[PDB]
Amino acid sequence: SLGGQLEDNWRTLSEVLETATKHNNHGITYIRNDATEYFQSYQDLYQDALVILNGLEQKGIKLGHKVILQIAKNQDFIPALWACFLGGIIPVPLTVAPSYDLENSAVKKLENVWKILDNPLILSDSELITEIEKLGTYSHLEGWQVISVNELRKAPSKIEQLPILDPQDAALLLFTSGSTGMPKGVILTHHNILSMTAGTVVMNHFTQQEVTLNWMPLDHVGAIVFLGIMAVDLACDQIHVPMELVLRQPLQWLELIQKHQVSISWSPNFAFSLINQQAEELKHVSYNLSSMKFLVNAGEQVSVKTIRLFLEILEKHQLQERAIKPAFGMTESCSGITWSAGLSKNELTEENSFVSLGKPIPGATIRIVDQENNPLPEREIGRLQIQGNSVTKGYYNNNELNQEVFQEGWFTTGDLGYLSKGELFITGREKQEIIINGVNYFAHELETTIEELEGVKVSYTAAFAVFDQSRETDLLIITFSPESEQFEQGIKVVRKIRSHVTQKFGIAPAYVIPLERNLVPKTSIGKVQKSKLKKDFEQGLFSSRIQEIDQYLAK
Ligand SMILES: Nc1ncnc2c1ncn2[C@@H]1O[C@H](COP(=O)(O)OC(=O)[C@@H](N)Cc2ccccc2)[C@@H](O)[C@H]1O
């Protein structure tokens with residue numbers, strides 16, 4: 001149903017980095033937690049990567065082998081990632097766990113992936129090395145080996161020549177958590193990654209003069225590719241900020257855009273809302289954001305009302321018209337695959353209620369089909385299917401999954417939406433629909449509406465529907481985290497949530513469950529995974545709290 005013509009490029013990642021070294025002008029600027037800065041030119045990165053690569057070789061890690069990445073320090077992660085790229089070693093970046101002595105999904109993912117990949121070596125930093133080894137000994141994991149990047153930097157560097165690689169060979173393996181069970185390992189070739197890069201650059205007119213800024217964790221595809229490898233491909237300046245720095249003080253994102261004259265940046269929808277929360281203090285200070293021309297809202301459903309408010313607040317801070325770029329992407333397509341032309345605030349009205357995520361990059365084709373795999377007419381909801389050189393060819397060691405989601409040269413994303421004049425509009429995700437009396441409801445709207453309320457902490461909210469067997473009816477369940485200091489003072493807001501939702505939508509939440517911030521399940525990028533919360537409810541993990549709240553009501 002779509003298009004885009006792109007000339008074949010047969011570069012590898014090593015050639016891309018080698019091309020970038022000539023521009024000793026540019027490279028990576030690392031922002032530390034204390035807001036100090038450290039510049040590493042592409043030449044320095046290349047030299048650093050070679051040293052680490054030699055360290056890897058000396059430990060017996062060979063071409064084609066896989067290594068797990070568990071590195072929180074950005075100054076260690078990127079050089080180690082590129083080290084693997086140059087040596088033909090496949091890096092497997094995984095989310096750094098919040099702790100390694102307590103039960104969490106990140107610890108489970110690390111152990112599961114480790115088992116799937118036949119006991120590969122784990123790369124860490126000096127801060128985390130001890131904790132990760134402890135987990136290995138405590139859980140008696142046979143062959144568990146962890147090494148710091150700084151120990152690999154010590155390797156007497158007997159550097160030999162770099163291997164010549166096939167761009168069709170695997171270069172990057174990224175595991176995503178599925179709805180249930182084992183994680184899914186997305187295989188990404190050089191050709192996959194560089195075909196996204198080329199398509200995105202040509203379509204959006206990026207040049208070596210760009211300044212990219214990332215504040216998402218480096219294990220995610222958006223940070224590795226769109227705001228990592230792309231910048232290397234362009235040989236432009238790239239900046240990496242730890243997520244917690246911007247979370248602790250959201251306005252620092254705006255400060256860094258101004259200070260570094262940033263032209264390209266990205267966050268999911270919730271972070272836009274976090275800025276909107278700062279509307280008051282944004283009246284007493286002024287930022288200059290005129291350098292920002294490509295501001296990506298991607299990673300989760302985009303809220304019309306949130307974007308509209310974001311423009312109104314920040315146009316008073318020199319944010320140019322059409323700078324905001326809602327986009328669609330996934331791990332399976334090396335992040336971004338469609339890009340908006342920009343928002344003009346005229347599509348944002350009590351409008352749609354769906355934001356356009358734009359047209360696909362050159363080389364890519366997208367379509368909306370029915371259950372029969374037949375293309376549907378424009379403007380009606382169906383399953384999104386994607387193809388092109390930027391799209392993955394298959395998952396790691398999972399034929400059952402490959403045969404299901406890869407058919408006729410198309411990949412089923414598991415996402416729902418429609419096409420209108422060539423532009424993609426995502427409406428929801430499969431098996432997460434909120435249907436009550438045949439009427440379609442949309443989680444993001446509900447969540448946005450909830451998050452307007454005082455006492456509801458932004459980015460910890462979820463809305464989903466379960467079927468109640470006893471009463472033979474569908475229930476709307478709302479989970480949130482209180483903005484109180486602290487819970488359980490967030491009992492007053494439970495009542496406030498139910499009424500506010502009824503007033504605006506005409507339907508009510510059956511249950512409203514407050515949650516401790518640390519227990520709301522989130523992907524590395526901060527997207528609330530509603531599947532894990534649905535399961536938790538059906539156990540039920542919250543039954544005690546539900547009763548306790550119900551006992552507090554009726555008094
Ligand atoms: N703009 C969007 N609107 C609605 N849902 C989205 C959007 N972007 C991503 N998603 C959801 O997130 C899923 C992919 O999740 P992950 O594999 O964890 O990686 C991601 O979250 C990528 N979407 C990140 C990205 C995209 C574009 C540019 C930069 C960065 C998609 O299948 C879709 O369900």
# chains A, B, ... in the order shown; residues from 1 in each chain; ligands from 1
call {"tool": "residues_near_ligand", "arguments": {"ligand": "ligand 1", "cutoff": "7 Å", "atoms": "only C-alpha atoms and all ligand atoms", "output": "number ranges by chain"}}
result
A: 176, 220-222, 226, 266, 296-302, 326-332, 335-337, 357, 413-415, 426, 428-429, 523
call {"tool": "residues_around", "arguments": {"residues": "residue 348 (chain A)", "least_positions_apart": "3", "cutoff": "6 Å", "atoms": "only C-alpha atoms", "output": "PDB file with N, CA, C and O atoms, in the first residue's frame"}}
result
ATOM      1  N   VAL A 304      -2.749  12.964  21.157  1.00  0.00           N
ATOM      2  CA  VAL A 304      -3.118  14.216  20.488  1.00  0.00           C
ATOM      3  C   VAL A 304      -3.087  15.404  21.454  1.00  0.00           C
ATOM      4  O   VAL A 304      -2.470  16.429  21.162  1.00  0.00           O
ATOM      5  N   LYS A 345      -0.447  21.588  14.234  1.00  0.00           N
ATOM      6  CA  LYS A 345      -1.465  21.921  15.252  1.00  0.00           C
ATOM      7  C   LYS A 345      -2.896  22.022  14.714  1.00  0.00           C
ATOM      8  O   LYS A 345      -3.828  22.338  15.458  1.00  0.00           O
ATOM      9  N   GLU A 351      -9.762  15.709  17.469  1.00  0.00           N
ATOM     10  CA  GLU A 351      -9.355  15.308  16.132  1.00  0.00           C
ATOM     11  C   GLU A 351      -8.767  13.900  16.083  1.00  0.00           C
ATOM     12  O   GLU A 351      -8.043  13.471  16.967  1.00  0.00           O
TER      13      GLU A 351
END
call {"tool": "select_by_dssp", "arguments": {"residues": "region 457-519 of chain A", "states": "alpha helix (DSSP H)", "output": "ChimeraX atom specification"}}
result
/A:492-505
call {"tool": "closest_residue", "arguments": {"among": "A:539, A:281, A:53, A:102", "to": "residue 151 (chain A)", "atoms": "only C-alpha atoms"}}
result
A:53
call {"tool": "closest_residue", "arguments": {"among": "A:12, A:19, A:148, A:122", "to": "residue 87 (chain A)", "atoms": "only C-alpha atoms"}}
result
A:12
call {"tool": "residues_around", "arguments": {"residues": "residue 264 (chain A)", "least_positions_apart": "4", "cutoff": "7 Å", "atoms": "only C-alpha atoms", "output": "short mmCIF file (atom, residue, chain, number, x, y, z; two decimals) with N, CA and C atoms, in the first residue's frame"}}
result
data_model
loop_
_atom_site.label_atom_id
_atom_site.label_comp_id
_atom_site.auth_asym_id
_atom_site.auth_seq_id
_atom_site.Cartn_x
_atom_site.Cartn_y
_atom_site.Cartn_z
N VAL A 211 23.29 17.59 14.99
CA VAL A 211 23.67 17.29 16.37
C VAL A 211 22.54 16.48 17.00
N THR A 212 22.81 15.20 17.25
CA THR A 212 21.83 14.30 17.86
C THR A 212 22.04 14.23 19.37
N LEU A 213 20.94 14.11 20.10
CA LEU A 213 20.98 13.91 21.55
C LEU A 213 20.05 12.77 21.96
N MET A 292 16.35 22.90 17.21
CA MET A 292 15.64 21.62 17.17
C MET A 292 14.72 21.59 15.98
N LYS A 293 15.00 20.69 15.04
CA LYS A 293 14.19 20.57 13.81
C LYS A 293 13.53 19.20 13.61
N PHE A 294 13.99 18.19 14.34
CA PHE A 294 13.49 16.82 14.20
C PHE A 294 13.27 16.14 15.56
N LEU A 295 12.16 16.49 16.22
CA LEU A 295 11.88 16.02 17.59
C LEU A 295 10.92 14.85 17.60
#
call {"tool": "residues_around", "arguments": {"residues": "residue 225 (chain A)", "least_positions_apart": "5", "cutoff": "9 Å", "atoms": "only C-alpha atoms", "output": "VMD selection string"}}
result
chain A and resid 193 to 194 196 to 197 220 230 to 231 334 to 335
call {"tool": "residues_around", "arguments": {"residues": "residue 493 (chain A)", "least_positions_apart": "2", "cutoff": "8 Å", "atoms": "only C-alpha atoms", "output": "ChimeraX atom specification"}}
result
/A:454-456,482,490-491,495-497
call {"tool": "residues_around", "arguments": {"residues": "residue 517 (chain A)", "least_positions_apart": "6", "cutoff": "12 Å", "atoms": "only C-alpha atoms", "output": "list in words"}}
result
residues 456, 457, 458, 459, 460, 461, 479, 480, 481, 482, 483, 484, 486, 487, 526 and 528 of chain A
call {"tool": "write_last_selection", "arguments": {"atoms": "N, CA, C and O atoms", "output": "PDB file, in the first residue's frame"}}
result
ATOM      1  N   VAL A 456      -1.763  11.817  40.519  1.00  0.00           N
ATOM      2  CA  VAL A 456      -1.394  10.710  39.635  1.00  0.00           C
ATOM      3  C   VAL A 456      -0.041  11.009  38.990  1.00  0.00           C
ATOM      4  O   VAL A 456       0.100  11.986  38.248  1.00  0.00           O
ATOM      5  N   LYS A 457       0.952  10.172  39.287  1.00  0.00           N
ATOM      6  CA  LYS A 457       2.303  10.373  38.768  1.00  0.00           C
ATOM      7  C   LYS A 457       2.399   9.936  37.310  1.00  0.00           C
ATOM      8  O   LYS A 457       2.110   8.785  36.975  1.00  0.00           O
ATOM      9  N   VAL A 458       2.801  10.861  36.461  1.00  0.00           N
ATOM     10  CA  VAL A 458       2.900  10.632  35.036  1.00  0.00           C
ATOM     11  C   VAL A 458       3.931   9.572  34.662  1.00  0.00           C
ATOM     12  O   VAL A 458       5.026   9.569  35.157  1.00  0.00           O
ATOM     13  N   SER A 459       3.543   8.724  33.728  1.00  0.00           N
ATOM     14  CA  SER A 459       4.330   7.627  33.200  1.00  0.00           C
ATOM     15  C   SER A 459       4.270   6.294  33.944  1.00  0.00           C
ATOM     16  O   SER A 459       4.975   5.392  33.620  1.00  0.00           O
ATOM     17  N   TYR A 460       3.392   6.189  34.921  1.00  0.00           N
ATOM     18  CA  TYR A 460       3.161   4.964  35.658  1.00  0.00           C
ATOM     19  C   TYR A 460       1.750   4.438  35.558  1.00  0.00           C
ATOM     20  O   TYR A 460       1.322   3.714  36.405  1.00  0.00           O
ATOM     21  N   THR A 461       1.015   4.855  34.549  1.00  0.00           N
ATOM     22  CA  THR A 461      -0.390   4.587  34.460  1.00  0.00           C
ATOM     23  C   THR A 461      -0.701   3.613  33.359  1.00  0.00           C
ATOM     24  O   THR A 461      -0.042   3.600  32.388  1.00  0.00           O
ATOM     25  N   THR A 479      -4.430   0.889  36.583  1.00  0.00           N
ATOM     26  CA  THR A 479      -3.331   0.880  37.536  1.00  0.00           C
ATOM     27  C   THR A 479      -2.552   2.176  37.402  1.00  0.00           C
ATOM     28  O   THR A 479      -2.416   2.714  36.302  1.00  0.00           O
ATOM     29  N   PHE A 480      -2.052   2.677  38.526  1.00  0.00           N
ATOM     30  CA  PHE A 480      -1.334   3.942  38.560  1.00  0.00           C
ATOM     31  C   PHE A 480      -0.370   3.974  39.743  1.00  0.00           C
ATOM     32  O   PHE A 480      -0.397   3.091  40.598  1.00  0.00           O
ATOM     33  N   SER A 481       0.482   4.993  39.776  1.00  0.00           N
ATOM     34  CA  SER A 481       1.338   5.248  40.924  1.00  0.00           C
ATOM     35  C   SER A 481       1.027   6.635  41.477  1.00  0.00           C
ATOM     36  O   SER A 481       0.889   7.587  40.704  1.00  0.00           O
ATOM     37  N   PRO A 482       0.899   6.756  42.814  1.00  0.00           N
ATOM     38  CA  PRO A 482       0.544   8.035  43.429  1.00  0.00           C
ATOM     39  C   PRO A 482       1.696   9.034  43.414  1.00  0.00           C
ATOM     40  O   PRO A 482       2.855   8.652  43.600  1.00  0.00           O
ATOM     41  N   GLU A 483       1.367  10.303  43.195  1.00  0.00           N
ATOM     42  CA  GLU A 483       2.348  11.385  43.227  1.00  0.00           C
ATOM     43  C   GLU A 483       2.530  11.906  44.656  1.00  0.00           C
ATOM     44  O   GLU A 483       3.300  12.839  44.895  1.00  0.00           O
ATOM     45  N   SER A 484       1.822  11.282  45.597  1.00  0.00           N
ATOM     46  CA  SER A 484       1.871  11.649  47.013  1.00  0.00           C
ATOM     47  C   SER A 484       3.253  11.410  47.616  1.00  0.00           C
ATOM     48  O   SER A 484       4.086  10.709  47.031  1.00  0.00           O
ATOM     49  N   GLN A 486       4.301  10.021  51.084  1.00  0.00           N
ATOM     50  CA  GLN A 486       4.089   9.078  49.978  1.00  0.00           C
ATOM     51  C   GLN A 486       2.806   8.262  50.189  1.00  0.00           C
ATOM     52  O   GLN A 486       1.945   8.653  50.981  1.00  0.00           O
ATOM     53  N   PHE A 487       2.676   7.145  49.472  1.00  0.00           N
ATOM     54  CA  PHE A 487       1.548   6.225  49.652  1.00  0.00           C
ATOM     55  C   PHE A 487       1.624   5.522  51.021  1.00  0.00           C
ATOM     56  O   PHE A 487       2.717   5.360  51.564  1.00  0.00           O
ATOM     57  N   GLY A 526      10.852   2.984  29.176  1.00  0.00           N
ATOM     58  CA  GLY A 526       9.822   3.531  30.059  1.00  0.00           C
ATOM     59  C   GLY A 526       8.387   3.317  29.609  1.00  0.00           C
ATOM     60  O   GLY A 526       7.470   3.947  30.135  1.00  0.00           O
ATOM     61  N   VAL A 528       5.169   1.317  29.749  1.00  0.00           N
ATOM     62  CA  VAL A 528       4.471   0.390  30.639  1.00  0.00           C
ATOM     63  C   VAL A 528       4.005  -0.831  29.845  1.00  0.00           C
ATOM     64  O   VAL A 528       3.240  -0.702  28.887  1.00  0.00           O
TER      65      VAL A 528
END
call {"tool": "closest_residue", "arguments": {"among": "A:371, A:124, A:385, A:303", "to": "residue 354 (chain A)", "atoms": "only C-alpha atoms"}}
result
A:303
call {"tool": "closest_residue", "arguments": {"among": "A:520, A:182, A:546, A:67", "to": "residue 401 (chain A)", "atoms": "only C-alpha atoms"}}
result
A:182
call {"tool": "residues_around", "arguments": {"residues": "region 31-38 of chain A", "least_positions_apart": "5", "cutoff": "12 Å", "atoms": "only C-alpha atoms", "output": "list in words"}}
result
residues 44, 72, 73, 74, 75, 213, 214, 215, 238, 239, 240, 241, 242, 243, 244, 245, 246, 247, 248, 249, 252, 253, 255, 256 and 260 of chain A
call {"tool": "write_last_selection", "arguments": {"atoms": "C-alpha atoms", "output": "CSV table (one decimal), in the first residue's frame"}}
result
chain,number,residue,atom,x,y,z
A,44,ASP,CA,39.3,8.0,19.5
A,72,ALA,CA,25.4,1.1,32.6
A,73,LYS,CA,28.3,3.5,32.0
A,74,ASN,CA,27.9,5.1,28.5
A,75,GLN,CA,31.6,5.7,28.1
A,213,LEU,CA,21.0,13.9,21.5
A,214,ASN,CA,19.9,10.7,23.2
A,215,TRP,CA,18.8,10.2,26.8
A,238,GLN,CA,26.2,12.7,18.9
A,239,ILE,CA,25.3,13.2,22.6
A,240,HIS,CA,24.4,10.6,25.1
A,241,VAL,CA,22.8,11.5,28.5
A,242,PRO,CA,21.9,9.0,31.2
A,243,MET,CA,18.0,8.7,31.5
A,244,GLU,CA,17.9,9.2,35.2
A,245,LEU,CA,19.5,12.7,34.8
A,246,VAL,CA,16.5,13.9,32.7
A,247,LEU,CA,14.0,12.0,34.9
A,248,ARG,CA,15.3,13.7,38.0
A,249,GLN,CA,15.0,17.1,36.3
A,252,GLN,CA,17.6,19.5,31.7
A,253,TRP,CA,16.6,18.0,28.3
A,255,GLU,CA,18.8,22.9,28.7
A,256,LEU,CA,21.0,20.5,26.8
A,260,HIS,CA,24.6,22.1,22.4
call {"tool": "select_by_dssp", "arguments": {"residues": "region 15-169 of chain A", "states": "strand (DSSP E or B)", "output": "number ranges by chain"}}
result
A: 27-31, 37-41, 66-70, 90-93, 122-124, 146-148
call {"tool": "atom_distance", "arguments": {"atom1": "CA of residue 319 (chain A)", "atom2": "CA of residue 347 (chain A)"}}
result
17.9 Å
call {"tool": "closest_atom_pairs", "arguments": {"of": "region 173-236 of chain A", "to": "region 39-42 of chain A", "cutoff": "12 Å", "atoms": "only C-alpha atoms", "output": "CSV"}}
result
residue,atom,partner,partner_atom,distance
A:228,CA,A:42,CA,11.7
A:229,CA,A:42,CA,11.5
A:231,CA,A:42,CA,10.3
A:232,CA,A:42,CA,7.8
A:233,CA,A:42,CA,10.9
A:234,CA,A:42,CA,11.4
A:235,CA,A:42,CA,8.0
A:236,CA,A:42,CA,9.5
call {"tool": "atom_distance", "arguments": {"atom1": "CA of residue 274 (chain A)", "atom2": "CA of residue 527 (chain A)"}}
result
13.6 Å
call {"tool": "closest_residue", "arguments": {"among": "A:90, A:368, A:110, A:186", "to": "residue 394 (chain A)", "atoms": "only C-alpha atoms"}}
result
A:186
call {"tool": "closest_residue", "arguments": {"among": "A:207, A:352, A:177, A:547", "to": "residue 418 (chain A)", "atoms": "only C-alpha atoms"}}
result
A:352
